[PDB]
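Right, one structure below, let's go through it.
Reckoned from all heavy atoms, side chains included, excluding hydrogens, waters and symmetry mates. Sequential numbering from 1 along the given sequence is applied to the chain's residues. Just follow the structure's listing: the first ligand is 1, and inside any ligand the first atom is 1.
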Amino acid sequence: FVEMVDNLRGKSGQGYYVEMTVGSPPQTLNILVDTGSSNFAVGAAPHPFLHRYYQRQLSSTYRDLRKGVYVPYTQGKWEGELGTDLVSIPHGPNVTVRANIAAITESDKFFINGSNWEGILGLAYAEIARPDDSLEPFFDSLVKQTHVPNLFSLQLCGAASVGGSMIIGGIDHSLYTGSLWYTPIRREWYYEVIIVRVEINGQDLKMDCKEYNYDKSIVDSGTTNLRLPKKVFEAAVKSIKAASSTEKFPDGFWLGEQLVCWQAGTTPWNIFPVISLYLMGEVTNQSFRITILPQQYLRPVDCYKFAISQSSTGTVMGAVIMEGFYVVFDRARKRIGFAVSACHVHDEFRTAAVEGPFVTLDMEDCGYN
Ligand SMILES: CC(C)COc1ccc2c(c1)[C@]1(COC(N)=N1)c1cc(-c3cncnc3)ccc1O2
């Protein structure tokens with residue numbers, strides 16, 4: 001899998017992208033890697049923000065599905081024309097598949113001014129594909145048409161340029177240390193999981209665990225922050241406020257509405273607590289925990305942004321979580337694996353951790369229905 005190592009690039013806060021080719025002859029595009037959606041959609045018109053775009057008129061293998069698709073989402077929208085074409089991944093497996101491609105023809109707040117990507121690769125399941133679940137997501141097409149095993153894994157490395165690895169069809173042991181610990185994929189739509197317990201500096205938040213997953217918890221490479229349900233965010237901030245009493249901060253800061261600054265080099269990591277999420281384990285009454293540092297949740301913009309935010313769509317384990325870990329999207333076995341990332345950023349005192357097993361009762365009650 002060495003050829004796939006370091007196949008991800010990006011700029012801080014603008015997502016991680018992978019190089020792809022579409023059409024014959026192949027057209028090279030950079031594509032945002034998104035485990036939080038399920039469409040393969042590429043710019044197909046000369047939007048001023050785009051370095052390049054899909055030109056269907058140059059492709060002999062293009063097939064028109066003669067159908068439109070309309071996709072608003074919480075932070076923008078895109079609209080496009082459905083088709084199929086030959087798609088490959090230069091720094092992925094040595095294969096070419098015929099996949100659905102939405103040719104983006106109108107969008108709002110979708111493309112980023114200054115970014116180096118031109119499209120989005122939705123790695124989640126058909127249930128949330130647009131316009132409906134009969135539009136086969138790319139990864140399903142890949143697995144159906146080749147011998148590529150039904151899993152992929154992500155090592156997101158963070159820092160400005162960011163880098164990482166998407167290992168398609170397997171797992172690269174050089175990207176992590178210790179053991180992988182697996183949590184069940186609750187349902188195949190988003191990559192949905194169940195959080196059974198939350199600690200701040202080893203101190204249990206002591207909330208009904210249903211709150212942690214109201215109305216869902218997902219693993220999402222297409223979200224920057226750790227996003228937490230409102231009630232849980234509130235409780236987490238109160239505890240983090242308390243744990244970091246050494247200094248005082250404005251209420252806007254905890255809402256991600258203004259930065260806070262330290263004279264360069266004297267940033268006090270130590271006054272900031274670690275955060276632990278316990279995830280439902282593979283066995284009845286068994287869990288494991290993942291632990292991140294302030295290096296993960298205080299984002300550099302020396303100034304810093306608080307990168308934990310409140311949510312009305314449930315818990316979202318975005319880049320803030322994923323950058324601590326090597327994450328295995330084991331589709332074949334309906335589970336997601338976490339191990340300590342070989343690239344994660346740590347000091348000489350504390351370190352991101354994946355630890356188990358723990359005894360946790362009533363974990364089935366933590367899921368929302
Ligand atoms: C299945 C439905 C409900 C959600 O569907 C969508 C559709 C489009 C869509 C995105 C999601 C989004 C927003 O969050 C995620 N995961 N992808 C998304 C995220 C980014 C993004 C990611 N990271 C950093 N900056 C921007 C850019 C575009 C973008 O577009």
Side-chain angles (χ1 to χ4, degrees), residues 8-18 29-44 47 49-50 53 68-80 82 100-140 154 156-164 166 187-193 215-227 256 299-301 305 307 309 311-323 327 329 336:
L8 302 186
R9 284 297 175 265
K11 291 178 172 185
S12 283
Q14 292 177 357
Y16 288 84
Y17 60 80
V18 66
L29 305 164
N30 285 334
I31 304 298
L32 175 80
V33 173
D34 189 18
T35 68
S37 70
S38 299
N39 280 82
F40 184 38
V42 304
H47 190 286
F49 298 171
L50 300 183
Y53 50 93
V69 60
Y70 182 71
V71 189
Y73 62 106
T74 56
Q75 309 263 7
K77 67 115 154 172
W78 67 263
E79 177 179 322
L82 296 173
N100 295 315
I101 310 182
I104 303 170
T105 59
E106 196 275 333
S107 63
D108 188 65
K109 289 135 144 66
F110 174 74
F111 298 117
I112 291 169
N113 195 27
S115 84
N116 198 211
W117 57 260
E118 290 92 58
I120 185 167
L121 177 61
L123 292 174
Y125 300 96
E127 184 173 328
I128 66 179
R130 267 69 183 148
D132 63 56
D133 68 12
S134 62
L135 197 79
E136 187 170 79
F138 172 81
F139 205 89
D140 298 71
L154 295 173
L156 310 182
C157 293
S161 286
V162 298
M166 178 176 51
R187 182 153 79 92
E188 292 159 310
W189 58 325
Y190 297 92
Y191 285 105
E192 194 195 355
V193 301
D215 58 295
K216 64 190 178 294
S217 295
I218 72 175
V219 181
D220 188 7
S221 73
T223 295
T224 301
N225 285 2
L226 167 59
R227 316 210 310 119
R299 274 192 60 242
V301 168
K305 200 202 180 202
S309 70
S311 162
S312 44
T313 69
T315 291
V316 186
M317 301 167 65
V320 163
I321 289 291
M322 299 186 64
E323 280 166 5
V327 186
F329 291 81
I336 291 163

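The protein heavy-atom contact nearest to atom 16 (N) of ligand 1 is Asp34 OD1, 2.7 Å. Closest to atom 18 (C) of ligand 1 among all protein heavy atoms lies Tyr73 CE1, 4.1 Å. Looking at atom 26 (C) of ligand 1, its nearest protein heavy atom turns out to be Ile112 CD1, 3.9 Å. In this structure, the protein non-hydrogen atom closest to atom 22 (C) of ligand 1 is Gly222 O, 3.0 Å.
Judged by the shortest distance from any of its heavy atoms, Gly13 lies inside the 4.0 Å radius around the atoms of ligand 1. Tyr190 counts as a contact of ligand 1, since one of its heavy atoms falls under 4.0 Å from the ligand. Within the 4.0 Å heavy-atom cutoff, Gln75 does not count among the residues contacting ligand 1.
When side chains are defined from C-beta on, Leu135 counts as touching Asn39, because their heavy atoms get closer than 4.5 Å.
When only interatomic distances are considered, the shortest N/O to N/O separation between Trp117 and ligand 1 does not fall below 3.5 Å. An N or O contact shorter than 3.5 Å is missing between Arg130 and ligand 1 by distance.
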Audit row: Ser12, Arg299, side chain to side chain donor-acceptor pair (under 3.5 Å) steps and yes/no: CA-CA 9 Å; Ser12 283; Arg299 274 192 60 242; 5.1 Å; no
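Proximity to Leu32 (heavy-atom distance under 4.0 Å) selects the following atoms of ligand 1: 20 (C), 27 (C). Every atom of ligand 1 is numbered from 1 in the order shown, and the set under 4.0 Å from a heavy atom of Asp220 is 15 (C), 16 (N). Near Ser37, the atoms of ligand 1 lying under 4.0 angstrom from a non-hydrogen atom of the residue are 5 (O), 6 (C). Numbered from 1 in the order shown, with element, the atoms of ligand 1 that lie under 4.0 Å from a heavy atom of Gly15 read 23 (N), 24 (C).
Neither side chain, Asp220 nor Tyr191, offers a donor N or O lying under 3.5 Å from an acceptor on the other.
When ring centroids are compared, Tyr125 and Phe139 stay outside the 6.0 Å threshold.
Seen from the ring of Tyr190, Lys216 counts as a face-on cation partner, given the 6.0 Å and 45° thresholds.
Within the 3.5 Å criterion, the main-chain N or O of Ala124 finds a donor-acceptor partner in the side chain of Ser38. Checked by atom type and distance alone, the side chain of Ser221 pairs as donor or acceptor with a backbone atom of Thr35 at under 3.5 Å. Distance alone, capped at 3.5 Å, places no donor-acceptor pair between the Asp34 side chain and the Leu121 backbone.
Using a 30° and 60° split on the angle between ring planes, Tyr73 and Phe110 fall in the perpendicular class, above 60°.
Under 4.0 Å from ligand 1, the heavy atoms of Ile120 that appear belong solely to its side chain.
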